[PDB]
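Text of structure.pdb (PDB, C-alpha atoms and all ligand atoms) as supplied:
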ATOM      1  CA  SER U   1       0.000   0.000   0.000
ATOM      2  CA  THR U   2       0.909   3.691  -0.297
ATOM      3  CA  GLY U   3      -0.519   7.047   0.781
ATOM      4  CA  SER U   4      -0.039  10.616  -0.513
ATOM      5  CA  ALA U   5      -1.364  13.773   1.213
ATOM      6  CA  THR U   6      -0.862  17.490   0.562
ATOM      7  CA  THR U   7       0.564  19.561   3.442
ATOM      8  CA  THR U   8      -0.322  23.321   3.552
ATOM      9  CA  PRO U   9       1.378  26.182   5.452
ATOM     10  CA  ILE U  10      -0.856  27.534   8.264
ATOM     11  CA  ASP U  11       0.119  31.191   7.540
ATOM     12  CA  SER U  12       2.159  33.490   5.259
ATOM     13  CA  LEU U  13       5.431  32.723   7.172
ATOM     14  CA  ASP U  14       5.307  28.858   6.968
ATOM     15  CA  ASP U  15       5.158  28.742  10.754
ATOM     16  CA  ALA U  16       3.878  25.149  10.509
ATOM     17  CA  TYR U  17       2.194  22.871   7.990
ATOM     18  CA  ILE U  18      -1.162  21.029   8.293
ATOM     19  CA  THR U  19      -2.184  17.800   6.623
ATOM     20  CA  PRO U  20      -5.774  16.450   6.553
ATOM     21  CA  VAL U  21      -6.230  13.098   8.425
ATOM     22  CA  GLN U  22      -9.389  10.951   8.468
ATOM     23  CA  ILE U  23     -10.240   9.537  11.917
ATOM     24  CA  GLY U  24     -13.138   7.189  12.736
ATOM     25  CA  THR U  25     -16.251   5.834  10.983
ATOM     26  CA  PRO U  26     -17.814   7.808   9.388
ATOM     27  CA  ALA U  27     -14.585   9.798   8.797
ATOM     28  CA  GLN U  28     -13.918  12.890  10.897
ATOM     29  CA  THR U  29     -11.279  14.986   9.047
ATOM     30  CA  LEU U  30      -8.858  16.883  11.278
ATOM     31  CA  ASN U  31      -5.883  19.022  10.145
ATOM     32  CA  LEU U  32      -2.786  17.705  11.965
ATOM     33  CA  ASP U  33       0.783  18.950  12.273
ATOM     34  CA  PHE U  34       3.019  16.030  11.097
ATOM     35  CA  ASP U  35       5.986  16.091  13.494
ATOM     36  CA  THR U  36       9.138  13.982  12.835
ATOM     37  CA  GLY U  37      10.383  15.202  16.249
ATOM     38  CA  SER U  38       7.711  13.488  18.403
ATOM     39  CA  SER U  39       5.804  10.184  18.556
ATOM     40  CA  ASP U  40       2.220  10.916  19.761
ATOM     41  CA  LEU U  41      -0.871  11.256  17.538
ATOM     42  CA  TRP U  42      -3.071  13.557  19.652
ATOM     43  CA  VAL U  43      -6.180  15.578  18.793
ATOM     44  CA  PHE U  44      -8.479  18.247  20.063
ATOM     45  CA  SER U  45     -11.591  16.352  21.080
ATOM     46  CA  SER U  46     -15.070  16.380  22.667
ATOM     47  CA  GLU U  47     -13.129  15.764  25.959
ATOM     48  CA  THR U  48     -10.941  18.928  25.663
ATOM     49  CA  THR U  49     -11.672  21.541  28.412
ATOM     50  CA  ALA U  50     -14.142  23.868  26.639
ATOM     51  CA  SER U  51     -12.245  27.121  27.546
ATOM     52  CA  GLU U  52      -9.095  25.626  25.827
ATOM     53  CA  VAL U  53     -10.845  25.148  22.429
ATOM     54  CA  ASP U  54     -10.977  28.250  20.122
ATOM     55  CA  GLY U  55     -11.901  27.333  16.536
ATOM     56  CA  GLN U  56     -10.204  23.900  16.189
ATOM     57  CA  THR U  57     -12.063  20.951  14.667
ATOM     58  CA  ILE U  58     -12.581  18.257  17.338
ATOM     59  CA  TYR U  59     -12.597  14.481  17.274
ATOM     60  CA  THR U  60     -15.769  13.035  18.923
ATOM     61  CA  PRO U  61     -15.128   9.346  19.662
ATOM     62  CA  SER U  62     -18.789   8.718  20.641
ATOM     63  CA  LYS U  63     -19.737   9.450  16.967
ATOM     64  CA  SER U  64     -17.278   6.850  15.572
ATOM     65  CA  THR U  65     -18.549   3.273  15.279
ATOM     66  CA  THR U  66     -14.896   2.011  15.252
ATOM     67  CA  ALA U  67     -13.640   3.989  18.316
ATOM     68  CA  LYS U  68     -12.818   1.994  21.468
ATOM     69  CA  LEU U  69     -11.513   3.391  24.780
ATOM     70  CA  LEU U  70      -8.001   2.084  25.485
ATOM     71  CA  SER U  71      -8.907   1.403  29.117
ATOM     72  CA  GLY U  72      -6.576   2.899  31.715
ATOM     73  CA  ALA U  73      -4.240   4.564  29.205
ATOM     74  CA  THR U  74      -3.185   8.199  29.660
ATOM     75  CA  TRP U  75      -0.686  10.477  27.965
ATOM     76  CA  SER U  76       1.130  13.717  28.707
ATOM     77  CA  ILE U  77       3.698  15.521  26.553
ATOM     78  CA  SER U  78       5.896  18.630  26.786
ATOM     79  CA  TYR U  79       7.519  20.066  23.631
ATOM     80  CA  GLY U  80      10.801  22.013  23.088
ATOM     81  CA  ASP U  81       8.847  25.321  22.808
ATOM     82  CA  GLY U  82       7.314  24.928  26.331
ATOM     83  CA  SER U  83       3.859  23.818  25.060
ATOM     84  CA  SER U  84       2.052  20.763  26.426
ATOM     85  CA  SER U  85      -1.039  18.595  26.268
ATOM     86  CA  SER U  86      -2.467  15.530  28.030
ATOM     87  CA  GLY U  87      -5.465  13.204  28.113
ATOM     88  CA  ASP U  88      -6.774   9.696  27.568
ATOM     89  CA  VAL U  89      -6.612   7.296  24.605
ATOM     90  CA  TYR U  90      -8.923   5.641  22.020
ATOM     91  CA  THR U  91      -8.054   3.191  19.266
ATOM     92  CA  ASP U  92      -9.713   3.982  15.905
ATOM     93  CA  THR U  93      -9.226   3.771  12.126
ATOM     94  CA  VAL U  94      -6.867   6.505  10.829
ATOM     95  CA  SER U  95      -6.260   7.268   7.120
ATOM     96  CA  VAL U  96      -3.683   9.598   5.566
ATOM     97  CA  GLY U  97      -3.790  10.242   1.835
ATOM     98  CA  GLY U  98      -5.583   6.916   1.130
ATOM     99  CA  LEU U  99      -3.366   4.791   3.481
ATOM    100  CA  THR U 100      -5.439   3.238   6.321
ATOM    101  CA  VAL U 101      -4.345   1.902   9.722
ATOM    102  CA  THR U 102      -6.814   0.081  11.941
ATOM    103  CA  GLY U 103      -6.360   0.098  15.709
ATOM    104  CA  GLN U 104      -4.244   3.341  15.756
ATOM    105  CA  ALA U 105      -3.872   4.951  19.182
ATOM    106  CA  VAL U 106      -5.640   8.356  18.953
ATOM    107  CA  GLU U 107      -4.686  10.376  22.051
ATOM    108  CA  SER U 108      -7.687  12.575  23.022
ATOM    109  CA  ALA U 109      -6.711  15.849  24.724
ATOM    110  CA  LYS U 110      -8.366  16.746  28.007
ATOM    111  CA  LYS U 111      -5.930  19.710  28.496
ATOM    112  CA  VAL U 112      -3.832  21.754  26.052
ATOM    113  CA  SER U 113      -1.475  24.706  26.800
ATOM    114  CA  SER U 114      -2.243  28.260  25.653
ATOM    115  CA  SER U 115      -0.117  28.106  22.447
ATOM    116  CA  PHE U 116      -2.348  25.224  21.137
ATOM    117  CA  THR U 117      -5.627  27.018  22.060
ATOM    118  CA  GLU U 118      -4.392  30.226  20.350
ATOM    119  CA  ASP U 119      -3.633  28.379  17.047
ATOM    120  CA  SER U 120      -7.106  27.712  15.497
ATOM    121  CA  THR U 121      -5.515  26.084  12.392
ATOM    122  CA  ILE U 122      -3.890  23.044  14.119
ATOM    123  CA  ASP U 123      -6.291  20.306  15.315
ATOM    124  CA  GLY U 124      -3.521  18.149  16.789
ATOM    125  CA  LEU U 125      -0.169  16.468  16.045
ATOM    126  CA  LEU U 126       0.774  13.263  14.212
ATOM    127  CA  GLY U 127       4.160  12.111  15.458
ATOM    128  CA  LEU U 128       6.646  10.475  13.072
ATOM    129  CA  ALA U 129       9.730  10.033  15.324
ATOM    130  CA  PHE U 130      10.511   6.552  16.742
ATOM    131  CA  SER U 131       7.837   4.878  18.901
ATOM    132  CA  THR U 132      10.272   4.699  21.865
ATOM    133  CA  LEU U 133       9.292   8.394  22.512
ATOM    134  CA  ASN U 134       5.513   7.760  22.665
ATOM    135  CA  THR U 135       4.164   9.005  26.031
ATOM    136  CA  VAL U 136       1.171   6.603  26.509
ATOM    137  CA  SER U 137       1.201   4.907  29.935
ATOM    138  CA  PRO U 138       1.157   2.172  31.082
ATOM    139  CA  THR U 139       1.335   0.562  27.586
ATOM    140  CA  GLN U 140       3.433   2.598  25.116
ATOM    141  CA  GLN U 141       1.783   2.922  21.655
ATOM    142  CA  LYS U 142       3.101   2.851  18.078
ATOM    143  CA  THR U 143       3.194   5.748  15.600
ATOM    144  CA  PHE U 144       1.002   5.784  12.491
ATOM    145  CA  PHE U 145       4.151   5.022  10.420
ATOM    146  CA  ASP U 146       5.246   2.113  12.627
ATOM    147  CA  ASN U 147       1.688   0.592  12.418
ATOM    148  CA  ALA U 148       1.576   1.104   8.595
ATOM    149  CA  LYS U 149       5.124  -0.043   7.857
ATOM    150  CA  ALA U 150       4.674  -3.758   7.239
ATOM    151  CA  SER U 151       1.779  -3.015   4.743
ATOM    152  CA  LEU U 152       3.727  -0.359   2.761
ATOM    153  CA  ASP U 153       5.323  -1.118  -0.611
ATOM    154  CA  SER U 154       8.657   0.220   0.857
ATOM    155  CA  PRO U 155       9.184   1.075   4.591
ATOM    156  CA  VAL U 156       9.647   4.812   3.995
ATOM    157  CA  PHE U 157       7.899   8.147   4.118
ATOM    158  CA  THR U 158       9.012  11.387   2.427
ATOM    159  CA  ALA U 159       8.624  15.051   3.315
ATOM    160  CA  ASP U 160       8.469  17.581   0.497
ATOM    161  CA  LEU U 161       7.624  20.906   2.208
ATOM    162  CA  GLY U 162       6.906  24.006   0.160
ATOM    163  CA  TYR U 163       8.281  27.548   0.564
ATOM    164  CA  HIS U 164       5.177  29.719   0.926
ATOM    165  CA  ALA U 165       3.283  26.939  -0.907
ATOM    166  CA  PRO U 166       1.777  23.494  -0.322
ATOM    167  CA  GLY U 167       3.894  20.347  -0.427
ATOM    168  CA  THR U 168       3.465  16.616   0.034
ATOM    169  CA  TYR U 169       3.893  13.730   2.525
ATOM    170  CA  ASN U 170       4.124  10.349   0.819
ATOM    171  CA  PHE U 171       4.088   6.948   2.563
ATOM    172  CA  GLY U 172       5.467   3.751   1.053
ATOM    173  CA  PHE U 173       7.141   5.068  -2.116
ATOM    174  CA  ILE U 174       9.686   7.547  -3.540
ATOM    175  CA  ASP U 175       8.303   9.904  -6.146
ATOM    176  CA  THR U 176      11.269  10.104  -8.553
ATOM    177  CA  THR U 177       9.580  13.133 -10.273
ATOM    178  CA  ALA U 178       9.638  15.246  -7.061
ATOM    179  CA  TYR U 179      13.441  15.953  -6.895
ATOM    180  CA  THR U 180      16.443  16.809  -9.097
ATOM    181  CA  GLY U 181      19.732  14.839  -9.280
ATOM    182  CA  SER U 182      20.225  11.965  -6.853
ATOM    183  CA  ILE U 183      19.223  11.291  -3.212
ATOM    184  CA  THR U 184      22.210  11.190  -0.779
ATOM    185  CA  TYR U 185      21.595   8.830   2.142
ATOM    186  CA  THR U 186      23.222   9.334   5.586
ATOM    187  CA  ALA U 187      23.318   7.341   8.811
ATOM    188  CA  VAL U 188      20.765   7.757  11.579
ATOM    189  CA  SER U 189      21.133   7.192  15.334
ATOM    190  CA  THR U 190      17.836   6.206  17.037
ATOM    191  CA  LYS U 191      19.422   6.370  20.551
ATOM    192  CA  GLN U 192      17.416   9.527  21.563
ATOM    193  CA  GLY U 193      14.260   8.410  19.576
ATOM    194  CA  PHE U 194      14.819  11.049  16.846
ATOM    195  CA  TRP U 195      15.844  11.011  13.169
ATOM    196  CA  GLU U 196      19.355  12.077  14.338
ATOM    197  CA  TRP U 197      22.110  12.432  11.762
ATOM    198  CA  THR U 198      25.443  14.268  11.208
ATOM    199  CA  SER U 199      25.796  17.048   8.643
ATOM    200  CA  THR U 200      29.230  17.354   7.085
ATOM    201  CA  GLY U 201      29.455  21.179   7.260
ATOM    202  CA  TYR U 202      28.141  24.470   6.010
ATOM    203  CA  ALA U 203      28.715  27.558   3.879
ATOM    204  CA  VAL U 204      27.321  31.115   4.134
ATOM    205  CA  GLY U 205      26.284  32.689   0.824
ATOM    206  CA  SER U 206      28.989  32.302  -1.826
ATOM    207  CA  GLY U 207      31.620  31.604   0.899
ATOM    208  CA  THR U 208      33.875  28.565   1.144
ATOM    209  CA  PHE U 209      32.437  25.368   2.594
ATOM    210  CA  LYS U 210      33.549  24.598   6.180
ATOM    211  CA  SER U 211      33.950  20.832   6.765
ATOM    212  CA  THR U 212      32.743  20.155  10.322
ATOM    213  CA  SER U 213      30.462  17.502  11.876
ATOM    214  CA  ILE U 214      27.087  18.880  13.092
ATOM    215  CA  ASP U 215      24.919  16.300  14.862
ATOM    216  CA  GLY U 216      21.199  17.194  14.773
ATOM    217  CA  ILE U 217      17.649  16.012  14.161
ATOM    218  CA  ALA U 218      15.389  16.231  11.104
ATOM    219  CA  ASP U 219      12.250  17.797  12.720
ATOM    220  CA  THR U 220       9.237  18.793  10.581
ATOM    221  CA  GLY U 221       7.486  20.070  13.705
ATOM    222  CA  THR U 222      10.092  22.810  14.379
ATOM    223  CA  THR U 223       9.799  25.971  12.253
ATOM    224  CA  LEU U 224      13.417  27.198  12.300
ATOM    225  CA  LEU U 225      17.007  25.952  11.815
ATOM    226  CA  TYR U 226      18.819  25.745  15.215
ATOM    227  CA  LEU U 227      22.640  25.322  14.950
ATOM    228  CA  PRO U 228      25.709  25.885  17.147
ATOM    229  CA  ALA U 229      26.372  29.478  18.151
ATOM    230  CA  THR U 230      29.649  29.576  16.131
ATOM    231  CA  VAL U 231      27.816  28.652  12.875
ATOM    232  CA  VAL U 232      24.927  31.073  13.571
ATOM    233  CA  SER U 233      27.274  33.985  14.382
ATOM    234  CA  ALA U 234      29.170  33.321  11.137
ATOM    235  CA  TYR U 235      25.862  33.509   9.152
ATOM    236  CA  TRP U 236      24.478  36.724  10.744
ATOM    237  CA  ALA U 237      27.901  38.487  10.555
ATOM    238  CA  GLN U 238      27.229  38.609   6.762
ATOM    239  CA  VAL U 239      24.014  40.720   7.287
ATOM    240  CA  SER U 240      24.589  44.442   8.038
ATOM    241  CA  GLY U 241      22.874  45.453  11.266
ATOM    242  CA  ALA U 242      21.955  41.901  12.389
ATOM    243  CA  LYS U 243      22.272  41.231  16.094
ATOM    244  CA  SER U 244      21.220  38.806  18.797
ATOM    245  CA  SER U 245      18.448  40.431  20.900
ATOM    246  CA  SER U 246      17.910  38.989  24.419
ATOM    247  CA  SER U 247      14.624  41.005  24.574
ATOM    248  CA  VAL U 248      13.218  39.464  21.331
ATOM    249  CA  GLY U 249      14.746  35.998  21.951
ATOM    250  CA  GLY U 250      17.184  35.551  19.062
ATOM    251  CA  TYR U 251      18.845  37.078  16.034
ATOM    252  CA  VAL U 252      17.008  39.943  14.331
ATOM    253  CA  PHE U 253      17.980  41.847  11.202
ATOM    254  CA  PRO U 254      16.872  44.989   9.338
ATOM    255  CA  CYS U 255      13.811  44.305   7.234
ATOM    256  CA  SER U 256      15.607  46.251   4.410
ATOM    257  CA  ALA U 257      18.308  43.505   4.153
ATOM    258  CA  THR U 258      18.802  40.954   1.383
ATOM    259  CA  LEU U 259      19.772  37.709   3.214
ATOM    260  CA  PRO U 260      22.524  35.347   1.981
ATOM    261  CA  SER U 261      21.826  31.687   1.349
ATOM    262  CA  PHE U 262      22.946  28.948   3.779
ATOM    263  CA  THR U 263      24.329  25.617   2.565
ATOM    264  CA  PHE U 264      24.492  22.426   4.692
ATOM    265  CA  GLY U 265      26.333  19.202   3.828
ATOM    266  CA  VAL U 266      24.848  15.732   3.483
ATOM    267  CA  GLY U 267      27.839  13.463   2.930
ATOM    268  CA  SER U 268      29.573  14.914  -0.161
ATOM    269  CA  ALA U 269      26.293  16.537  -1.312
ATOM    270  CA  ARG U 270      25.090  20.073  -0.543
ATOM    271  CA  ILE U 271      21.564  21.504   0.155
ATOM    272  CA  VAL U 272      21.217  25.227  -0.434
ATOM    273  CA  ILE U 273      18.656  27.209   1.616
ATOM    274  CA  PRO U 274      17.891  30.436  -0.317
ATOM    275  CA  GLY U 275      18.134  33.620   1.703
ATOM    276  CA  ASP U 276      14.434  34.338   1.347
ATOM    277  CA  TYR U 277      13.678  31.136   3.341
ATOM    278  CA  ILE U 278      15.507  32.673   6.362
ATOM    279  CA  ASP U 279      13.204  35.766   6.618
ATOM    280  CA  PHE U 280      10.428  35.388   9.250
ATOM    281  CA  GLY U 281       9.208  38.948   8.916
ATOM    282  CA  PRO U 282       8.637  41.798  11.377
ATOM    283  CA  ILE U 283       9.059  40.958  15.091
ATOM    284  CA  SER U 284       5.749  42.826  15.730
ATOM    285  CA  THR U 285       3.299  44.274  13.274
ATOM    286  CA  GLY U 286       4.795  47.297  11.487
ATOM    287  CA  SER U 287       8.326  46.879  12.925
ATOM    288  CA  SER U 288      11.392  47.318  10.715
ATOM    289  CA  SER U 289      13.218  44.644  12.793
ATOM    290  CA  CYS U 290      12.768  41.163  11.243
ATOM    291  CA  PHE U 291      13.177  37.785  12.934
ATOM    292  CA  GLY U 292      15.824  35.377  11.588
ATOM    293  CA  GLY U 293      15.198  31.824  10.511
ATOM    294  CA  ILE U 294      18.604  30.541  11.640
ATOM    295  CA  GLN U 295      18.987  30.636  15.464
ATOM    296  CA  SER U 296      21.367  29.275  18.073
ATOM    297  CA  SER U 297      20.757  25.856  19.588
ATOM    298  CA  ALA U 298      22.759  26.793  22.715
ATOM    299  CA  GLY U 299      20.608  25.909  25.763
ATOM    300  CA  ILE U 300      18.337  23.557  23.739
ATOM    301  CA  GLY U 301      20.901  20.720  24.035
ATOM    302  CA  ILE U 302      20.452  19.553  20.373
ATOM    303  CA  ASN U 303      20.758  20.991  16.869
ATOM    304  CA  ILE U 304      17.457  20.984  14.941
ATOM    305  CA  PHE U 305      17.097  20.843  11.142
ATOM    306  CA  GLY U 306      13.544  22.241  11.195
ATOM    307  CA  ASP U 307      11.329  23.406   8.348
ATOM    308  CA  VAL U 308      13.692  26.212   7.155
ATOM    309  CA  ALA U 309      16.225  23.516   6.238
ATOM    310  CA  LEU U 310      13.872  20.643   5.289
ATOM    311  CA  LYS U 311      11.770  22.612   2.853
ATOM    312  CA  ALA U 312      14.922  23.250   0.738
ATOM    313  CA  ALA U 313      15.086  19.451   0.112
ATOM    314  CA  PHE U 314      13.188  16.330  -0.770
ATOM    315  CA  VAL U 315      13.698  14.273   2.438
ATOM    316  CA  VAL U 316      13.447  10.463   2.728
ATOM    317  CA  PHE U 317      12.751   8.975   6.160
ATOM    318  CA  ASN U 318      13.882   5.369   5.573
ATOM    319  CA  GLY U 319      12.438   3.088   8.277
ATOM    320  CA  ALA U 320      14.198  -0.122   7.169
ATOM    321  CA  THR U 321      15.718  -2.340   9.904
ATOM    322  CA  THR U 322      18.713   0.064   9.911
ATOM    323  CA  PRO U 323      17.057   3.497   9.427
ATOM    324  CA  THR U 324      18.679   6.175   7.236
ATOM    325  CA  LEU U 325      17.838   9.701   6.003
ATOM    326  CA  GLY U 326      18.023  10.771   2.369
ATOM    327  CA  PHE U 327      18.274  14.337   1.011
ATOM    328  CA  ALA U 328      17.894  15.526  -2.592
ATOM    329  CA  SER U 329      17.750  19.033  -4.105
ATOM    330  CA  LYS U 330      14.472  19.940  -5.831
TER     331      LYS U 330
HETATM  332 NA    NA N 401       8.435  33.704  17.158
END

Written as structure tokens, how would this file's structure read?
Ligand code: NA
Amino acid sequence: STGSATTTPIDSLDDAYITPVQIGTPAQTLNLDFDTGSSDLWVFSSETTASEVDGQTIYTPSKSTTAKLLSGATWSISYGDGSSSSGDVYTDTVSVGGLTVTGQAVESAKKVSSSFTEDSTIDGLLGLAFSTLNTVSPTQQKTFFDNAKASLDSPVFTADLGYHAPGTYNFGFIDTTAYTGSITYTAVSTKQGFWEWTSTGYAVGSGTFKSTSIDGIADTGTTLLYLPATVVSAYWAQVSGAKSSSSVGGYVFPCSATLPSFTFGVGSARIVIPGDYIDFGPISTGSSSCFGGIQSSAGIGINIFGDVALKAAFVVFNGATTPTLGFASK
């Protein structure tokens, strides 16, 4: 089997991407944030505290003829940005882009933090990191990908995120029409539960390539590119008037600037992030200070290849017995 779904930016900045997911019988379609950095499929629901729901579509298990309470199971998750959610668990039929899993754990939120309530466009998360990170207790649950894997034509999914445009998530096949040149595959460590790999270095604009190992994670659920402070300082030094602002919470630059590109290595291959991808617009409405898309990972304890980097590539998440990542230009 295969599946193929379109993923759509939630706003003009590509702050996140939503993908429609069918849950239950008859189908209830919710718009979920596919997150390769976490392993829970959770939704706004009929159980979510009413004051914490503001415009999201909800899952109502009582209206699904295939929903069953997973008796005694609870979940609770905290993300890198400080947001959180928790609740109880149903099993139900879940379909993505024509690919169906029966008996998927659907984690129903009883509580969500303020950042989730305030985002009316995201109805929940669909985790695509390794199932070792799933938070369900006392019986840990499998991701949608791990439950689908054995049925797929190939044990893979691909992320093809757009810049200010829709893109695609495919399950079970490589679309050889969706990229240019060849795919370069690189080793993955699953020791922290992430799609963790080692970049071979970087360049700023038309500058020389610096060969250096950068360990980090491929995370579709993180908006920005978070790298070591040395690499980030080297990038923003090439932008007149850029500075790190403790008051704003990262590097800002004059909105009048033209940003240089950023290149990262994948083995002997190179992925080029155009400068435009690194502009996240005014810090507040009408400001002439703009927020950068490359930020320091110092204090986060890991480097994160988030959407700014991933949407410059066609990305293969190879879930074979020894997992690997693949990157191609597009
Ligand atoms: Na922000």

Could the residues of stretch 39-112 of chain U that have an atom at most 7 Å from stretch 4-14 of chain U be listed as JSON lines, each with its closest atom pair and the distance in Å to one decimal, counting all atoms listed in the file and ordered by chain and ascending residue number?
{"residue": "U:96", "atom": "CA", "partner": "U:5", "partner_atom": "CA", "distance": 6.5}
{"residue": "U:97", "atom": "CA", "partner": "U:5", "partner_atom": "CA", "distance": 4.3}
{"residue": "U:98", "atom": "CA", "partner": "U:4", "partner_atom": "CA", "distance": 6.9}

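In terms of minimum interatomic distance to ligand NA 401 (chain N), U:251 ranks closest within U:144, U:251, U:264, U:305, counting all atoms listed in the file.
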
If the PyMOL selection byres (((not hetatm)) within 9 of (chain N and resi 401)) were run on this exact file, what residues would it hold? Put them as a PyMOL selection string. chain U and resi 15+248-249+280+283+291

Residue U:126 environment, 12 Å, only C-alpha atoms, sequence neighbours closer than 2 positions dropped, as a PyMOL selection string: chain U and resi 17-23+30-43+94-96+104-107+122-124+128-129+131+134+142-145+220-221

Evaluating the PyMOL selection byres (((chain U and resi 236-246) around 12) and not hetatm) on the displayed file yields which residues, as a ChimeraX atom specification? /U:203-207,229-235,247-262,275,278-279,283,288-296

With the file shown as input, list the residues that the PyMOL selection byres (((chain U and resi 273) around 7) and not hetatm) selects, as a count of residues only. 10

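Atom CA of residue U:29 is found 27.4 Å from atom CA of residue U:308.
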
Find the spatial neighbours of residue U:110, counting all atoms listed in the file, within a cut-off of 8 Å - ignore same-chain residues fewer than 6 positions away - and output them as a short mmCIF file (atom, residue, chain, number, x, y, z; two decimals) with C-alpha atoms, keeping the file's coordinate frame.
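Written out: part.cif:
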data_model
loop_
_atom_site.label_atom_id
_atom_site.label_comp_id
_atom_site.auth_asym_id
_atom_site.auth_seq_id
_atom_site.Cartn_x
_atom_site.Cartn_y
_atom_site.Cartn_z
CA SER U 45 -11.59 16.35 21.08
CA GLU U 47 -13.13 15.76 25.96
CA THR U 48 -10.94 18.93 25.66
CA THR U 49 -11.67 21.54 28.41
CA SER U 85 -1.04 18.60 26.27
CA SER U 86 -2.47 15.53 28.03
CA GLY U 87 -5.46 13.20 28.11
CA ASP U 88 -6.77 9.70 27.57
#

Determine the nearest neighbour of residue U:266 from the options U:190, U:140, U:147, U:324, counting all atoms listed in the file. U:324

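Computed from the coordinates, the atom CA of residue U:192 to atom CA of residue U:133 distance equals 8.3 Å.
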
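Remark: for residue U:198, the closest of the candidate residues U:168, U:120, U:303, U:56 is U:303 (distances computed over all atoms listed in the file).
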
Can you sort out the box for stretch 304-307 of chain U, edges along x, y and z, all listed atoms in, 6 Å on every side, with centre and edge lengths in Å to one decimal, as AutoDock Vina command-line options?
--center_x 14.4 --center_y 22.1 --center_z 11.6 --size_x 18.1 --size_y 14.6 --size_z 18.6

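With distances restricted to only C-alpha atoms, U:65 is the closest residue to residue U:91 from U:65, U:51, U:212, U:158.
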
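The spacing separating atom CA of residue U:66 from atom CA of residue U:93 amounts to 6.7 Å.
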
Could you add whatever atoms are missing so that stretch 186-197 of chain U carries N, CA, C and O atoms, then write the result as a PDB file, in the coordinates of the input?
ATOM      1  N   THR U 186      22.319   9.132   4.432  1.00  0.00           N
ATOM      2  CA  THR U 186      23.222   9.334   5.586  1.00  0.00           C
ATOM      3  C   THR U 186      22.718   8.542   6.774  1.00  0.00           C
ATOM      4  O   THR U 186      21.518   8.338   6.961  1.00  0.00           O
ATOM      5  N   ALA U 187      23.636   8.168   7.654  1.00  0.00           N
ATOM      6  CA  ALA U 187      23.318   7.341   8.811  1.00  0.00           C
ATOM      7  C   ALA U 187      22.454   8.060   9.840  1.00  0.00           C
ATOM      8  O   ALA U 187      22.586   9.262  10.030  1.00  0.00           O
ATOM      9  N   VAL U 188      21.639   7.270  10.492  1.00  0.00           N
ATOM     10  CA  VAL U 188      20.765   7.757  11.579  1.00  0.00           C
ATOM     11  C   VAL U 188      21.119   7.062  12.886  1.00  0.00           C
ATOM     12  O   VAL U 188      21.292   5.809  12.884  1.00  0.00           O
ATOM     13  N   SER U 189      21.142   7.773  13.988  1.00  0.00           N
ATOM     14  CA  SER U 189      21.133   7.192  15.334  1.00  0.00           C
ATOM     15  C   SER U 189      19.710   7.288  15.847  1.00  0.00           C
ATOM     16  O   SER U 189      19.134   8.403  15.879  1.00  0.00           O
ATOM     17  N   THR U 190      19.171   6.214  16.401  1.00  0.00           N
ATOM     18  CA  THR U 190      17.836   6.206  17.037  1.00  0.00           C
ATOM     19  C   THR U 190      17.983   6.244  18.571  1.00  0.00           C
ATOM     20  O   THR U 190      16.985   6.110  19.256  1.00  0.00           O
ATOM     21  N   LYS U 191      19.177   6.467  19.089  1.00  0.00           N
ATOM     22  CA  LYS U 191      19.422   6.370  20.551  1.00  0.00           C
ATOM     23  C   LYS U 191      18.593   7.356  21.381  1.00  0.00           C
ATOM     24  O   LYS U 191      18.332   7.048  22.564  1.00  0.00           O
ATOM     25  N   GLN U 192      18.277   8.544  20.878  1.00  0.00           N
ATOM     26  CA  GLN U 192      17.416   9.527  21.563  1.00  0.00           C
ATOM     27  C   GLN U 192      15.970   9.461  21.013  1.00  0.00           C
ATOM     28  O   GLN U 192      15.218  10.320  21.424  1.00  0.00           O
ATOM     29  N   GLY U 193      15.630   8.532  20.133  1.00  0.00           N
ATOM     30  CA  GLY U 193      14.260   8.410  19.576  1.00  0.00           C
ATOM     31  C   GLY U 193      13.999   9.318  18.397  1.00  0.00           C
ATOM     32  O   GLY U 193      12.853   9.306  17.916  1.00  0.00           O
ATOM     33  N   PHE U 194      14.975  10.063  17.934  1.00  0.00           N
ATOM     34  CA  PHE U 194      14.819  11.049  16.846  1.00  0.00           C
ATOM     35  C   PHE U 194      15.426  10.519  15.585  1.00  0.00           C
ATOM     36  O   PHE U 194      16.255   9.573  15.573  1.00  0.00           O
ATOM     37  N   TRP U 195      15.141  11.181  14.459  1.00  0.00           N
ATOM     38  CA  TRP U 195      15.844  11.011  13.169  1.00  0.00           C
ATOM     39  C   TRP U 195      17.112  11.863  13.271  1.00  0.00           C
ATOM     40  O   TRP U 195      17.206  12.992  12.731  1.00  0.00           O
ATOM     41  N   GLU U 196      18.107  11.351  14.012  1.00  0.00           N
ATOM     42  CA  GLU U 196      19.355  12.077  14.338  1.00  0.00           C
ATOM     43  C   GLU U 196      20.447  11.684  13.385  1.00  0.00           C
ATOM     44  O   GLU U 196      20.678  10.468  13.162  1.00  0.00           O
ATOM     45  N   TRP U 197      21.109  12.642  12.801  1.00  0.00           N
ATOM     46  CA  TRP U 197      22.110  12.432  11.762  1.00  0.00           C
ATOM     47  C   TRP U 197      23.246  13.445  11.948  1.00  0.00           C
ATOM     48  O   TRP U 197      23.133  14.298  12.823  1.00  0.00           O
TER      49      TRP U 197
END
